[PDB]
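What follows is one structure encoded as structure tokens, with my remarks underneath.
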Amino acid sequence: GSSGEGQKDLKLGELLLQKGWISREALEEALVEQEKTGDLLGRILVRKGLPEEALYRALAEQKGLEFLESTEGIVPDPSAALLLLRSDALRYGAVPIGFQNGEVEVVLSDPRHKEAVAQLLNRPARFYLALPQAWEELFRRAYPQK
């Protein structure tokens, strides 16, 4: 014993189990597909009829980013777009929304590169986690076109 590893499955599982969001049986149903595909079990769970948002919500605590509810109730500032352009936004899956607490709130549905972006920016920025569904609609609100 005391010789563990824990893969991406464990990372989702432990988190869900911490709050008791899903049950062992639901995890096992998805685990069988992961054994044949090797893909991220999170999608497998969602494909069994589970909510997609619950995957993003877990990813938020596992990376230490606050999860975002939706984007319909947001007003992206013009000043926010001066640090993150629409070109850079799609390159890193990030969209700024405004200056808050002396930092700039940036919403990302793919924070996999959050730490890379933090270094590249080399300026005080804040990062949140949202679904790609809300992100696509917000990207157009922050970067509109006449």
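Letters A, B, ... go to the chains of the structure tokens in the order shown; residues in each chain start at 1; ligands are counted from 1 in the same order.
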
Within segment 57-132 of chain A, find each residue whose DSSP state, derived from the backbone, is strand (DSSP E), and express the selection as a PDB file with N, CA and C atoms, in the first residue's frame.
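Saved result, result32.pdb, follows:
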```pdb
ATOM      1  N   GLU A  66     -12.084  30.101 -10.083  1.00  0.00           N
ATOM      2  CA  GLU A  66     -13.478  30.175  -9.680  1.00  0.00           C
ATOM      3  C   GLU A  66     -14.363  29.883 -10.899  1.00  0.00           C
ATOM      4  N   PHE A  67     -15.379  29.032 -10.711  1.00  0.00           N
ATOM      5  CA  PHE A  67     -16.293  28.674 -11.790  1.00  0.00           C
ATOM      6  C   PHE A  67     -17.283  29.825 -12.008  1.00  0.00           C
ATOM      7  N   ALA A  94      -9.434  32.538 -24.041  1.00  0.00           N
ATOM      8  CA  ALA A  94      -9.596  33.519 -22.972  1.00  0.00           C
ATOM      9  C   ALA A  94     -10.348  34.767 -23.436  1.00  0.00           C
ATOM     10  N   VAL A  95     -11.186  35.372 -22.590  1.00  0.00           N
ATOM     11  CA  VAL A  95     -11.937  36.591 -22.906  1.00  0.00           C
ATOM     12  C   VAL A  95     -11.945  37.467 -21.644  1.00  0.00           C
ATOM     13  N   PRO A  96     -11.441  38.709 -21.700  1.00  0.00           N
ATOM     14  CA  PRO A  96     -11.424  39.625 -20.569  1.00  0.00           C
ATOM     15  C   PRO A  96     -12.823  40.229 -20.430  1.00  0.00           C
ATOM     16  N   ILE A  97     -13.204  40.597 -19.209  1.00  0.00           N
ATOM     17  CA  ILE A  97     -14.519  41.177 -18.942  1.00  0.00           C
ATOM     18  C   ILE A  97     -14.432  42.515 -18.206  1.00  0.00           C
ATOM     19  N   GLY A  98     -13.307  42.834 -17.555  1.00  0.00           N
ATOM     20  CA  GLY A  98     -13.190  44.119 -16.864  1.00  0.00           C
ATOM     21  C   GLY A  98     -12.157  44.138 -15.750  1.00  0.00           C
ATOM     22  N   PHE A  99     -11.804  45.344 -15.303  1.00  0.00           N
ATOM     23  CA  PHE A  99     -10.835  45.584 -14.239  1.00  0.00           C
ATOM     24  C   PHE A  99     -11.558  45.431 -12.904  1.00  0.00           C
ATOM     25  N   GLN A 100     -11.165  44.471 -12.073  1.00  0.00           N
ATOM     26  CA  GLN A 100     -11.756  44.193 -10.770  1.00  0.00           C
ATOM     27  C   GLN A 100     -10.599  43.968  -9.798  1.00  0.00           C
ATOM     28  N   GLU A 103      -6.875  43.973 -10.793  1.00  0.00           N
ATOM     29  CA  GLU A 103      -6.542  42.926 -11.755  1.00  0.00           C
ATOM     30  C   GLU A 103      -7.616  42.979 -12.853  1.00  0.00           C
ATOM     31  N   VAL A 104      -7.486  42.194 -13.921  1.00  0.00           N
ATOM     32  CA  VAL A 104      -8.465  42.167 -15.006  1.00  0.00           C
ATOM     33  C   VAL A 104      -9.047  40.769 -15.006  1.00  0.00           C
ATOM     34  N   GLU A 105     -10.359  40.636 -14.848  1.00  0.00           N
ATOM     35  CA  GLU A 105     -11.028  39.350 -14.849  1.00  0.00           C
ATOM     36  C   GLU A 105     -11.017  38.823 -16.281  1.00  0.00           C
ATOM     37  N   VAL A 106     -10.550  37.589 -16.449  1.00  0.00           N
ATOM     38  CA  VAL A 106     -10.457  36.879 -17.708  1.00  0.00           C
ATOM     39  C   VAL A 106     -11.175  35.553 -17.489  1.00  0.00           C
ATOM     40  N   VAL A 107     -12.083  35.217 -18.390  1.00  0.00           N
ATOM     41  CA  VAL A 107     -12.877  34.006 -18.365  1.00  0.00           C
ATOM     42  C   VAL A 107     -12.285  33.099 -19.440  1.00  0.00           C
ATOM     43  N   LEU A 108     -12.030  31.831 -19.114  1.00  0.00           N
ATOM     44  CA  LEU A 108     -11.446  30.871 -20.042  1.00  0.00           C
ATOM     45  C   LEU A 108     -12.191  29.555 -19.933  1.00  0.00           C
ATOM     46  N   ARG A 126      -6.667  38.189 -13.528  1.00  0.00           N
ATOM     47  CA  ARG A 126      -7.433  37.232 -12.752  1.00  0.00           C
ATOM     48  C   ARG A 126      -8.008  36.244 -13.751  1.00  0.00           C
ATOM     49  N   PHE A 127      -8.215  34.991 -13.356  1.00  0.00           N
ATOM     50  CA  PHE A 127      -8.714  33.966 -14.262  1.00  0.00           C
ATOM     51  C   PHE A 127      -9.865  33.182 -13.628  1.00  0.00           C
ATOM     52  N   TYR A 128     -10.912  32.912 -14.409  1.00  0.00           N
ATOM     53  CA  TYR A 128     -12.120  32.174 -14.032  1.00  0.00           C
ATOM     54  C   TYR A 128     -12.329  31.024 -15.024  1.00  0.00           C
ATOM     55  N   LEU A 129     -13.223  30.081 -14.719  1.00  0.00           N
ATOM     56  CA  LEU A 129     -13.515  28.928 -15.577  1.00  0.00           C
ATOM     57  C   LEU A 129     -14.989  28.895 -15.926  1.00  0.00           C
TER      58      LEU A 129
END
```

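Within 12 Å of residue 51 of chain A, once only C-alpha atoms are used and residues closer than 6 positions along the same chain are dropped, the contacting residues are residues 21, 22, 42, 43, 44, 45, 57, 58 and 131 of chain A.
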
Export, as a PDB file, in the first residue's frame, the selected residues with C-alpha atoms.
```pdb
ATOM      1  CA  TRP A  21     -22.320  14.588  -6.519  1.00  0.00           C
ATOM      2  CA  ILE A  22     -22.474  11.204  -8.328  1.00  0.00           C
ATOM      3  CA  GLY A  42     -15.644  13.572 -17.739  1.00  0.00           C
ATOM      4  CA  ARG A  43     -17.166  13.485 -21.268  1.00  0.00           C
ATOM      5  CA  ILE A  44     -18.199   9.825 -20.779  1.00  0.00           C
ATOM      6  CA  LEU A  45     -20.157  10.790 -17.615  1.00  0.00           C
ATOM      7  CA  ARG A  57     -17.210  23.076 -12.028  1.00  0.00           C
ATOM      8  CA  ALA A  58     -14.878  20.248 -10.862  1.00  0.00           C
ATOM      9  CA  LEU A 131     -18.320  26.364 -20.197  1.00  0.00           C
TER      10      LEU A 131
END
```

Near residue 27 of chain A, counting only C-alpha atoms, which residues have an atom at most 10 Å away, once you skip same-chain residues fewer than 3 positions from it, shown as a PDB file with N, CA and C atoms, in the first residue's frame?
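Done, and the output landed in around_30.pdb:
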```pdb
ATOM      1  N   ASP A   9      -9.130  10.455 -14.254  1.00  0.00           N
ATOM      2  CA  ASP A   9     -10.376   9.852 -13.786  1.00  0.00           C
ATOM      3  C   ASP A   9     -10.465  10.145 -12.287  1.00  0.00           C
ATOM      4  N   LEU A  12     -11.237  13.710 -11.270  1.00  0.00           N
ATOM      5  CA  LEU A  12     -12.658  14.056 -11.320  1.00  0.00           C
ATOM      6  C   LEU A  12     -13.440  13.348 -10.210  1.00  0.00           C
ATOM      7  N   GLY A  13     -13.227  12.039 -10.078  1.00  0.00           N
ATOM      8  CA  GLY A  13     -13.874  11.147  -9.131  1.00  0.00           C
ATOM      9  C   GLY A  13     -13.750  11.625  -7.698  1.00  0.00           C
ATOM     10  N   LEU A  16     -15.833  14.841  -7.170  1.00  0.00           N
ATOM     11  CA  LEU A  16     -17.264  14.564  -7.141  1.00  0.00           C
ATOM     12  C   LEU A  16     -17.613  13.887  -5.825  1.00  0.00           C
ATOM     13  N   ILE A  22     -22.079  12.403  -7.591  1.00  0.00           N
ATOM     14  CA  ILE A  22     -22.474  11.204  -8.328  1.00  0.00           C
ATOM     15  C   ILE A  22     -22.260   9.989  -7.424  1.00  0.00           C
ATOM     16  N   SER A  23     -22.550   8.805  -7.940  1.00  0.00           N
ATOM     17  CA  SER A  23     -22.419   7.550  -7.209  1.00  0.00           C
ATOM     18  C   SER A  23     -21.425   6.635  -7.917  1.00  0.00           C
ATOM     19  N   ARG A  24     -20.871   5.661  -7.189  1.00  0.00           N
ATOM     20  CA  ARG A  24     -19.882   4.723  -7.715  1.00  0.00           C
ATOM     21  C   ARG A  24     -20.367   4.062  -8.995  1.00  0.00           C
ATOM     22  N   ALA A  30     -19.056   4.744 -16.865  1.00  0.00           N
ATOM     23  CA  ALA A  30     -18.186   5.556 -17.688  1.00  0.00           C
ATOM     24  C   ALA A  30     -16.769   4.956 -17.787  1.00  0.00           C
ATOM     25  N   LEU A  31     -16.241   4.421 -16.687  1.00  0.00           N
ATOM     26  CA  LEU A  31     -14.911   3.803 -16.609  1.00  0.00           C
ATOM     27  C   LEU A  31     -14.708   2.742 -17.689  1.00  0.00           C
ATOM     28  N   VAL A  32     -15.736   1.950 -17.995  1.00  0.00           N
ATOM     29  CA  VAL A  32     -15.669   0.905 -19.010  1.00  0.00           C
ATOM     30  C   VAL A  32     -15.405   1.526 -20.391  1.00  0.00           C
ATOM     31  N   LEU A  41     -12.683  10.767 -18.903  1.00  0.00           N
ATOM     32  CA  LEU A  41     -13.907  10.202 -18.315  1.00  0.00           C
ATOM     33  C   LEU A  41     -15.012  11.244 -18.117  1.00  0.00           C
ATOM     34  N   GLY A  42     -14.665  12.512 -17.904  1.00  0.00           N
ATOM     35  CA  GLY A  42     -15.644  13.572 -17.739  1.00  0.00           C
ATOM     36  C   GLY A  42     -16.659  13.595 -18.882  1.00  0.00           C
ATOM     37  N   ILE A  44     -17.518  11.104 -20.860  1.00  0.00           N
ATOM     38  CA  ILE A  44     -18.199   9.825 -20.779  1.00  0.00           C
ATOM     39  C   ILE A  44     -19.365   9.976 -19.793  1.00  0.00           C
ATOM     40  N   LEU A  45     -19.120  10.575 -18.622  1.00  0.00           N
ATOM     41  CA  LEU A  45     -20.157  10.790 -17.615  1.00  0.00           C
ATOM     42  C   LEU A  45     -21.277  11.635 -18.214  1.00  0.00           C
ATOM     43  N   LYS A  48     -23.597   9.925 -20.486  1.00  0.00           N
ATOM     44  CA  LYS A  48     -24.496   8.974 -19.832  1.00  0.00           C
ATOM     45  C   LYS A  48     -25.789   9.697 -19.398  1.00  0.00           C
TER      46      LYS A  48
END
```

Could you pull out all residues of segment 16-90 of chain A with a DSSP call of alpha helix (DSSP H) and give them as number ranges by chain?
A: 16-19, 24-37, 41-47, 53-63, 86-90

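Using only C-alpha atoms for every distance, the candidate list A:74, A:134, A:142, A:46 yields A:142 as the residue closest to residue 89 of chain A.
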
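You will find atom CA of residue 144 of chain A at 9.4 Å from atom CA of residue 86 of chain A.
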
Mind giving me the straight-line distance from atom CA of residue 117 of chain A to atom CA of residue 7 of chain A in Å, one decimal?
24.7 Å

Shortest contact to residue 56 of chain A, candidates A:76, A:82, A:102, A:130, atoms counted only C-alpha atoms, goes to A:130

Between A:87, A:3, A:145, A:133, smallest distance to residue 68 of chain A by only C-alpha atoms belongs to A:133

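The coordinates place atom CA of residue 101 of chain A at 22.8 Å from atom CA of residue 113 of chain A.
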